[PDB]
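Trainee: Here you go, one structure.
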Amino acid sequence: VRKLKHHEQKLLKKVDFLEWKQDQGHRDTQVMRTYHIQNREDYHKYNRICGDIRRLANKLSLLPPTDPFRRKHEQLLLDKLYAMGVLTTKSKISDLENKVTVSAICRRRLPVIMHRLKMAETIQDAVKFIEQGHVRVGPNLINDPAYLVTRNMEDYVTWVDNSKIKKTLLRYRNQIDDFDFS
Amino acid sequence: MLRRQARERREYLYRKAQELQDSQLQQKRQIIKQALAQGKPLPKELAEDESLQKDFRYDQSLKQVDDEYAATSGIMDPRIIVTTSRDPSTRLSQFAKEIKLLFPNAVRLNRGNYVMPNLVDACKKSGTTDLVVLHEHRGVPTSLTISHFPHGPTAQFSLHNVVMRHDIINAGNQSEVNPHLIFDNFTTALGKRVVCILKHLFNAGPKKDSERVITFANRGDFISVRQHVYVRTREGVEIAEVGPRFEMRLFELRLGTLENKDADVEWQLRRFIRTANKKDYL
Amino acid sequence: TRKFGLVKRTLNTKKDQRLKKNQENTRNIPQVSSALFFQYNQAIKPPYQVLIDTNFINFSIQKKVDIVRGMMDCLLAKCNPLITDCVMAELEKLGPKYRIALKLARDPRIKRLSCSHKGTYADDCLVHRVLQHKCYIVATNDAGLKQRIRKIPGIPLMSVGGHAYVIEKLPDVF
Amino acid sequence: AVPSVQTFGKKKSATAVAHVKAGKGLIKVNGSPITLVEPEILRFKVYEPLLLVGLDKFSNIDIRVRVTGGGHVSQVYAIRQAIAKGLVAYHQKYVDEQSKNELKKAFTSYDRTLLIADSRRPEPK
Amino acid sequence: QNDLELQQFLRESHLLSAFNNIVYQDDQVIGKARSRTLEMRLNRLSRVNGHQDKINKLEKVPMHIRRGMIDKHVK
Amino acid sequence: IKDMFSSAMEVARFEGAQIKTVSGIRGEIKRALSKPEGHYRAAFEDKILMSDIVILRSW
Amino acid sequence: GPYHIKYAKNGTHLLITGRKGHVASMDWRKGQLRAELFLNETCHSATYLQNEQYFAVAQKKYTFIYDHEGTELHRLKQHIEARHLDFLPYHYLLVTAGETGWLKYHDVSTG
Amino acid sequence: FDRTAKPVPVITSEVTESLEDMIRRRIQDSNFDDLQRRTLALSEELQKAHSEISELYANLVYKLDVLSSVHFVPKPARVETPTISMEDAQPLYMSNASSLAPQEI
Ligand SMILES: [Zn+2]
């Protein structure tokens, strides 16, 4: 579309082919670009899970404050989300509405975990290294980039053995032992 | 385990970092709770802070042992390893045996050629809660270090006036019962911290008839440690000294284990401040 | 062979020029006037030229001070009173309660001065005249315009105070 | 680029690094022949990786060992561990897996500390 | 008039009537009644020391929508 | 520290005293050295220099 | 395959859509490929909007709107399981019908 | 001259007696700063709110377990009787004795 003239813009104020109100600012596309999300529906599945969390938090808030049921369930939810890694802290109840985002879940995906662990320089590099078969979480090889890492499961995200990446880093430090297969 | 302990240490330090802002928001919420209870006007900043008032509908249901000791306070009994400096004398070995007998779940371990980073790792993988290291100057014990695991506080005490059971007692054996503890004249937050550290070396819930009493009494930043045996006569309680007597002085408290020298200092003794004489910190 | 990390092409709202927000995406230090000493305007001399503001006329009528005669008594010199187009437009917008002020502004001893700006805002118009040329004396009783003229160096300020006009920041008036 | 292998051996503060490449039979430790490794009384500890499997296994390779740290005993044990592991790794990389498995069986039957590091860490009771 | 819970109950008697379709006590009141009564109390406390512009600010509504809502409410 | 005192008895009367450096570094007399006689051990809040002079203020 | 085809109202552009997600927009008389998408998904229909510059594809659940080069502009959450697409060129209305039994008219100019 | 710090206090008869009298008093009062062992009717509208929150919590924790759980996640869900009745429906059986123990009868 060419640039509208002045008299045309007044008659065509609402016209926009690229930004619609139902797009919600292309927040989904922004988040997928930040965390290299490949599947299109991943943001919306994550958003539905966040919506369940926020709906439950709203109901617990509408419960009376000095309710043992309310306090127990809010602490249960805070502990569960913190253990998964979605919540950075357990201090505030209000984080169950303010700090539950899609990006918070996407920061627990495997390439973001590797990039934070300095295993890969970019999230896209981490994605490619995952699909190329270099990454194991424990004994198990993970070639799915969408795999979500728990706080406990962070400690076993490591390079697979016989990896050219692992041999390269050992050879850089001059600590490569070929008996160990490197 | 190498990756687990570093990650948990990072999470612990992050909690210590966020604790200040959490406390500030706590006082901002406490004004609202008092204002709602008393019908008192709010200040201007809390009146115009719309986000805090919107979050108060969630945070209205928020309400003590320390963070390092919170997970297992009263659940699992401690395991203490009592060790000495590198080449202990016979008198230091005797005092180490005495301190081991003072604590109810403590084993005395030969130092030998043990490196402190290797000893701390061994303690961590073996699951001991506490490590106590004893120092001396020609047979006289001068220093006592208590370090909590896996990343707990490390407190260092200067021992004075040390008298041992091998000297005073000609005969008799220690009762080795879960004792009754007496913490006296600990008022400040540093005193509460020292009380927590010293208290959690002992087993939870001694039974009522226990005749052993261990006393830590604060006199002018000096902690007198006594061990006594009581018999409940109808006239009163008579007291027998049954253990070592010493005065201990906290001079350094660090937020890390014994191996770490880069650990943050919770408290340090400052000898050469101008007004050092006036204050009593414990 | 296929590339790795394949993603679906979508709209980059940060960097697409078709969007309006991305579509939107020498040094001048003016010289100090040679009419001025450090705070003293030395070029100015009689006959002075006095830019009148609307409330100056209104307070002149309330205190029954003649405009030309009162200015001549205040300055002890001949003056040229100038009313700009925006000032006359403000007096005309003031309505039917101020037709006396309108007529006393229409008095032919007051010389008109054309404006080539959009809108009718006497404050910015007079301040722009002042910031350009140092030959004017600003007659006003508005507090904000008084503060602006006081901040501008080398510019005399006239006001209606009490029985007659009072001058300020003109060293010649004794 | 010749076929070559790098392996490590440890005993306390001692560390030995063995480079096993294609060669003719040169077995050198710290730029010196293996037959000058001191002490005399412990030279057969260094010799025994060679003697368990035979010198024919060494007929076509060159071993070069650089050792730092520790004392005489620790360095001897580090040397022999590095040489045994380098033999196993070279015979797995450029010779057959059957040769590798037979070497590993011989070394394990004699002394596993030739292959796996002996770590005397403390055990609290 | 110095008493608090009586004046609060009188002020919030309309909300409790609207949403309880008594449960006036804070440890019993649940749901929308709890939310709106907390909002009323907080707004009342904030009114005296908060600037009115920053205290009461309407939800953004298009002109024709808000004018129609006002006209129907006034009817 | 040397030259402040002439014997360990003189040191032992003044043990525990505040001392300071011309730089301004504060310290404490701790113990009397056995040999030679007038010397003593002192603890300061920082490392001091061989160019420094230690002073004790009395009346 | 199979391929559902659509022509521009000029007839200068052709928009093919395979059932297995291969959607292509071309200038068939010039032999010039404007866009080509491999969605790896079930696709039922496609239509052009007011030009060849925009086109709508009825995919597995939601209907998507792409530009001339092939970038996704919109994902219409309100249009669910549409099998039939249409465009009213004077009203700028994209009309979707499908498995749900709901007929939906969407203004492509305002959204 | 000014001294930098208080000397280490000496233990004397009066100090020991004061300490022992404090210990005696706290034993008599039984005040002991011991570590204690840590352990281990609503209304119809409140019951309905609790039931709704319980259902929502069950579904949410199921979906979070599906996200983070290493294995497959199942969906969230004694009278006297013969044990052959407690079995599944098939021609055979393996256990005969009734469910209740003699001590339970
Ligand atoms: Zn003008």
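Following the order of the structure tokens, first chain is A, next is B, and so on, with residues numbered from 1 inside each chain and ligands from 1 in the order they appear.
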Can you list every residue in chain F that DSSP puts in strand (DSSP E or B), as number ranges by chain?
Mentor: F: 17-21, 26-32, 40-44, 54-55
Trainee: Can I get the selected residues back with C-alpha atoms, as a CSV table (one decimal), in the first residue's frame?
Mentor:
```
chain,number,residue,atom,x,y,z
F,17,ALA,CA,48.0,-0.2,74.8
F,18,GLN,CA,46.8,1.8,71.8
F,19,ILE,CA,49.7,2.8,69.5
F,20,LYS,CA,49.6,4.5,66.1
F,21,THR,CA,51.7,5.3,63.1
F,26,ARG,CA,46.1,2.3,64.6
F,27,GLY,CA,47.4,-0.7,66.5
F,28,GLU,CA,47.8,-2.6,69.8
F,29,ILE,CA,50.8,-3.7,71.8
F,30,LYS,CA,50.2,-7.5,72.1
F,31,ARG,CA,53.2,-9.3,73.7
F,32,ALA,CA,56.8,-8.8,74.7
F,40,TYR,CA,57.5,-6.3,71.3
F,41,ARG,CA,54.8,-7.6,69.0
F,42,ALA,CA,52.0,-5.3,67.8
F,43,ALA,CA,48.9,-5.7,65.6
F,44,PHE,CA,47.7,-3.0,63.3
F,54,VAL,CA,55.2,4.1,65.9
F,55,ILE,CA,54.1,6.4,68.7
```
Trainee: For chain G, work out the contacting residues on chain C at 9 Å, counting only C-alpha atoms, and write them as number ranges by chain.
Mentor: C: 8-11
Trainee: Could you save the residues just selected, with C-alpha atoms, as an mmCIF file, in the first residue's frame?
Mentor:
```
data_model
loop_
_atom_site.group_PDB
_atom_site.id
_atom_site.type_symbol
_atom_site.label_atom_id
_atom_site.label_comp_id
_atom_site.auth_asym_id
_atom_site.auth_seq_id
_atom_site.Cartn_x
_atom_site.Cartn_y
_atom_site.Cartn_z
ATOM 1 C CA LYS C 8 8.241 -19.941 9.970
ATOM 2 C CA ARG C 9 8.597 -16.493 8.422
ATOM 3 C CA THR C 10 6.461 -14.014 10.333
ATOM 4 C CA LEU C 11 6.086 -10.275 10.741
#
```
Trainee: Within 7 Å of chain A, which residues of chain D are there when counting only C-alpha atoms? Please give them as a VMD selection string.
Mentor: chain D and resid 5 to 8 85 to 86 88 to 89
Trainee: Go through the chains and note each residue within 8 Å of ligand 1, using only C-alpha atoms and all ligand atoms, then give the set as a ChimeraX atom specification.
Mentor: /C:84-87,114-117,120-122,124-126
Trainee: Please identify the helix (DSSP H, G or I) residues within chain F (assignment by DSSP from backbone atoms) and present them as a ChimeraX atom specification.
Mentor: /F:8-13
Trainee: Generate the output file for the selected residues, C-alpha atoms, as a short mmCIF file (atom, residue, chain, number, x, y, z; two decimals), in the first residue's frame.
Mentor:
```
data_model
loop_
_atom_site.label_atom_id
_atom_site.label_comp_id
_atom_site.auth_asym_id
_atom_site.auth_seq_id
_atom_site.Cartn_x
_atom_site.Cartn_y
_atom_site.Cartn_z
CA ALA F 8 60.16 -6.95 78.64
CA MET F 9 58.95 -5.78 82.06
CA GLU F 10 58.48 -2.28 80.64
CA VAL F 11 56.67 -3.82 77.69
CA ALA F 12 54.49 -6.00 79.94
CA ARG F 13 53.26 -3.01 81.90
#
```
Trainee: Write out as an MDAnalysis selection string the residues lying within 10 Å of region 13-18 of chain G, counting only C-alpha atoms and excluding same-chain residues fewer than 3 positions away.
Mentor: chainID G and resid 1:10 21:39 41:48 51:52 55 57:59
Trainee: Using N, CA and C atoms, can you write the selected residues to a file as a short mmCIF file (atom, residue, chain, number, x, y, z; two decimals), in the first residue's frame?
Mentor:
```cif
data_model
loop_
_atom_site.label_atom_id
_atom_site.label_comp_id
_atom_site.auth_asym_id
_atom_site.auth_seq_id
_atom_site.Cartn_x
_atom_site.Cartn_y
_atom_site.Cartn_z
N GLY G 1 -0.31 -33.73 -2.82
CA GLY G 1 -1.63 -33.61 -3.36
C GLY G 1 -2.72 -34.06 -2.41
N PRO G 2 -3.99 -33.86 -2.78
CA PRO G 2 -4.43 -33.17 -4.00
C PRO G 2 -4.40 -31.65 -3.87
N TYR G 3 -4.53 -30.94 -4.98
CA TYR G 3 -4.36 -29.50 -5.00
C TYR G 3 -5.67 -28.80 -5.29
N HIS G 4 -6.02 -27.86 -4.42
CA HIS G 4 -7.12 -26.94 -4.63
C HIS G 4 -6.55 -25.66 -5.21
N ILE G 5 -7.15 -25.18 -6.30
CA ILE G 5 -6.60 -24.08 -7.07
C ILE G 5 -7.52 -22.88 -6.96
N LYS G 6 -6.95 -21.69 -7.10
CA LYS G 6 -7.70 -20.45 -7.11
C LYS G 6 -6.99 -19.50 -8.06
N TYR G 7 -7.76 -18.67 -8.76
CA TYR G 7 -7.20 -17.69 -9.67
C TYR G 7 -7.52 -16.30 -9.15
N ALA G 8 -6.66 -15.34 -9.46
CA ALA G 8 -6.95 -13.95 -9.13
C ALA G 8 -8.09 -13.46 -10.00
N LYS G 9 -8.76 -12.38 -9.59
CA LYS G 9 -9.88 -11.88 -10.39
C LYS G 9 -9.40 -11.33 -11.73
N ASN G 10 -8.18 -10.79 -11.77
CA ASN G 10 -7.53 -10.51 -13.04
C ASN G 10 -7.25 -11.79 -13.80
N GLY G 21 0.08 -29.32 2.87
CA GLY G 21 0.72 -28.10 3.31
C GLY G 21 1.60 -27.39 2.32
N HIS G 22 1.54 -27.73 1.04
CA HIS G 22 2.34 -27.03 0.04
C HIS G 22 1.47 -25.99 -0.65
N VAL G 23 1.69 -24.72 -0.31
CA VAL G 23 0.85 -23.62 -0.77
C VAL G 23 1.73 -22.68 -1.58
N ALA G 24 1.37 -22.45 -2.83
CA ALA G 24 2.20 -21.62 -3.70
C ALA G 24 1.37 -20.57 -4.42
N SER G 25 1.94 -19.37 -4.52
CA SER G 25 1.37 -18.26 -5.27
C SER G 25 2.33 -17.91 -6.40
N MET G 26 1.83 -17.90 -7.63
CA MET G 26 2.69 -17.65 -8.77
C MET G 26 2.00 -16.77 -9.80
N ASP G 27 2.81 -16.10 -10.61
CA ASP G 27 2.35 -15.46 -11.83
C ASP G 27 2.46 -16.51 -12.92
N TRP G 28 1.35 -17.20 -13.20
CA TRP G 28 1.40 -18.41 -14.00
C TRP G 28 1.73 -18.12 -15.45
N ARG G 29 1.34 -16.95 -15.95
CA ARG G 29 1.64 -16.62 -17.33
C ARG G 29 3.09 -16.17 -17.49
N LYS G 30 3.63 -15.49 -16.48
CA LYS G 30 5.04 -15.11 -16.52
C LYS G 30 5.94 -16.28 -16.16
N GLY G 31 5.45 -17.19 -15.32
CA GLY G 31 6.27 -18.25 -14.79
C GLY G 31 7.11 -17.79 -13.62
N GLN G 32 6.58 -16.85 -12.85
CA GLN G 32 7.29 -16.24 -11.73
C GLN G 32 6.61 -16.64 -10.44
N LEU G 33 7.39 -17.16 -9.50
CA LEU G 33 6.87 -17.66 -8.23
C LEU G 33 6.92 -16.54 -7.21
N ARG G 34 5.74 -16.12 -6.74
CA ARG G 34 5.69 -15.09 -5.72
C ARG G 34 5.99 -15.67 -4.35
N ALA G 35 5.30 -16.74 -3.97
CA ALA G 35 5.48 -17.30 -2.64
C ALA G 35 5.35 -18.81 -2.71
N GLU G 36 6.02 -19.48 -1.77
CA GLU G 36 5.92 -20.93 -1.67
C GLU G 36 6.12 -21.30 -0.20
N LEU G 37 5.14 -21.98 0.37
CA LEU G 37 5.12 -22.33 1.78
C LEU G 37 4.97 -23.83 1.92
N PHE G 38 5.74 -24.41 2.84
CA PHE G 38 5.62 -25.81 3.22
C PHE G 38 5.19 -25.82 4.68
N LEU G 39 3.89 -25.92 4.91
CA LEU G 39 3.37 -25.74 6.26
C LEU G 39 3.42 -27.03 7.06
N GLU G 41 1.23 -29.50 7.26
CA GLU G 41 -0.02 -29.42 7.99
C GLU G 41 -1.14 -29.61 6.98
N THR G 42 -2.33 -29.93 7.48
CA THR G 42 -3.46 -30.09 6.57
C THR G 42 -4.01 -28.74 6.14
N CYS G 43 -4.06 -28.53 4.83
CA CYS G 43 -4.59 -27.30 4.26
C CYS G 43 -5.71 -27.64 3.29
N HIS G 44 -6.79 -26.87 3.36
CA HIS G 44 -8.01 -27.21 2.64
C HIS G 44 -8.31 -26.25 1.49
N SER G 45 -8.11 -24.96 1.68
CA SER G 45 -8.48 -23.97 0.70
C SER G 45 -7.58 -22.75 0.86
N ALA G 46 -7.52 -21.95 -0.18
CA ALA G 46 -6.85 -20.67 -0.12
C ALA G 46 -7.58 -19.72 -1.04
N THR G 47 -7.45 -18.43 -0.77
CA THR G 47 -8.04 -17.41 -1.62
C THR G 47 -7.15 -16.19 -1.64
N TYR G 48 -7.24 -15.41 -2.70
CA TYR G 48 -6.57 -14.13 -2.72
C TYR G 48 -7.46 -13.08 -2.09
N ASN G 51 -5.81 -8.03 -3.79
CA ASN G 51 -4.76 -8.12 -4.79
C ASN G 51 -4.22 -9.54 -4.80
N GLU G 52 -3.10 -9.70 -5.49
CA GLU G 52 -2.26 -10.89 -5.35
C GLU G 52 -1.30 -10.69 -4.19
N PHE G 55 -2.92 -13.23 0.69
CA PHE G 55 -3.76 -14.40 0.51
C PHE G 55 -4.01 -15.09 1.84
N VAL G 57 -5.11 -18.71 3.81
CA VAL G 57 -5.06 -20.16 3.74
C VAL G 57 -5.83 -20.73 4.92
N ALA G 58 -6.75 -21.65 4.64
CA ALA G 58 -7.49 -22.37 5.67
C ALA G 58 -6.70 -23.62 6.03
N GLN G 59 -5.94 -23.55 7.11
CA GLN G 59 -5.08 -24.64 7.53
C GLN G 59 -5.86 -25.57 8.45
#
```
Trainee: Once you count only C-alpha atoms, what closest atom pair and distance in Å to one decimal does each residue of chain A within 12 Å of chain H have, with rows by chain and rising residue number, as a tab-separated table?
Mentor:
```
residue	atom	partner	partner_atom	distance
A:45	CA	H:63	CA	10.7
A:46	CA	H:67	CA	10.1
A:48	CA	H:63	CA	10.4
A:49	CA	H:63	CA	7.6
A:50	CA	H:60	CA	9.6
A:51	CA	H:60	CA	9.9
A:52	CA	H:60	CA	6.4
A:53	CA	H:60	CA	7.0
A:54	CA	H:60	CA	10.5
A:55	CA	H:56	CA	8.5
A:56	CA	H:56	CA	6.5
A:57	CA	H:53	CA	9.3
A:58	CA	H:53	CA	10.0
A:59	CA	H:53	CA	6.8
A:60	CA	H:53	CA	7.3
A:61	CA	H:53	CA	10.8
A:62	CA	H:49	CA	9.1
A:63	CA	H:49	CA	7.6
A:64	CA	H:46	CA	9.3
A:67	CA	H:46	CA	10.2
A:68	CA	H:50	CA	11.0
A:69	CA	H:50	CA	7.6
A:70	CA	H:50	CA	8.6
A:72	CA	H:54	CA	11.6
A:73	CA	H:57	CA	8.2
A:74	CA	H:57	CA	10.2
A:76	CA	H:57	CA	9.7
A:77	CA	H:57	CA	8.5
A:78	CA	H:61	CA	11.7
A:79	CA	H:61	CA	11.6
A:80	CA	H:61	CA	8.3
A:81	CA	H:64	CA	8.5
A:82	CA	H:64	CA	11.8
A:83	CA	H:68	CA	9.9
A:84	CA	H:68	CA	7.0
A:85	CA	H:68	CA	10.1
A:86	CA	H:64	CA	10.7
A:105	CA	H:67	CA	10.2
A:106	CA	H:67	CA	11.9
A:108	CA	H:68	CA	10.1
A:109	CA	H:68	CA	10.7
A:137	CA	H:70	CA	11.0
A:138	CA	H:70	CA	11.4
A:140	CA	H:70	CA	10.9
A:146	CA	H:67	CA	10.2
A:147	CA	H:67	CA	8.4
A:148	CA	H:68	CA	6.4
A:149	CA	H:68	CA	7.2
A:150	CA	H:68	CA	6.7
A:151	CA	H:68	CA	10.3
A:152	CA	H:68	CA	10.7
A:153	CA	H:68	CA	9.6
```
Trainee: For CA of residue 50 (chain D) and CA of residue 64 (chain D), quote the distance in Å rounded to one decimal.
Mentor: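 One can read the CA of residue 50 (chain D) to CA of residue 64 (chain D) distance as 13.9 Å.
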Trainee: Please compute the CA of residue 83 (chain B)-CA of residue 4 (chain B) distance, one decimal, in Å.
Mentor: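 Going from CA of residue 83 (chain B) over to CA of residue 4 (chain B) covers 26.6 Å.
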Trainee: Which residue gives the smallest distance to chain A among G:76, G:49, G:88, G:82, with only C-alpha atoms counted?
Mentor: G:76
Trainee: Near chain F, which residues of chain H fall within 8 Å when you count only C-alpha atoms, and what do they look like as an MDAnalysis selection string?
Mentor: chainID H and resid 1:5
Trainee: Save the residues we just selected, N, CA and C atoms, as a PDB file, in the first residue's frame?
Mentor:
```pdb
ATOM      1  N   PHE H   1      47.682   6.004  79.881  1.00  0.00           N
ATOM      2  CA  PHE H   1      47.557   5.744  78.458  1.00  0.00           C
ATOM      3  C   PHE H   1      46.247   5.019  78.207  1.00  0.00           C
ATOM      4  N   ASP H   2      45.769   5.104  76.973  1.00  0.00           N
ATOM      5  CA  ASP H   2      44.476   4.543  76.608  1.00  0.00           C
ATOM      6  C   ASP H   2      44.656   3.118  76.104  1.00  0.00           C
ATOM      7  N   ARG H   3      43.846   2.203  76.625  1.00  0.00           N
ATOM      8  CA  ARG H   3      43.895   0.819  76.182  1.00  0.00           C
ATOM      9  C   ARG H   3      42.857   0.580  75.097  1.00  0.00           C
ATOM     10  N   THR H   4      43.201  -0.286  74.145  1.00  0.00           N
ATOM     11  CA  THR H   4      42.392  -0.420  72.940  1.00  0.00           C
ATOM     12  C   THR H   4      41.190  -1.330  73.151  1.00  0.00           C
ATOM     13  N   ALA H   5      41.271  -2.259  74.097  1.00  0.00           N
ATOM     14  CA  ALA H   5      40.207  -3.235  74.247  1.00  0.00           C
ATOM     15  C   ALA H   5      40.145  -3.699  75.691  1.00  0.00           C
TER      16      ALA H   5
END
```
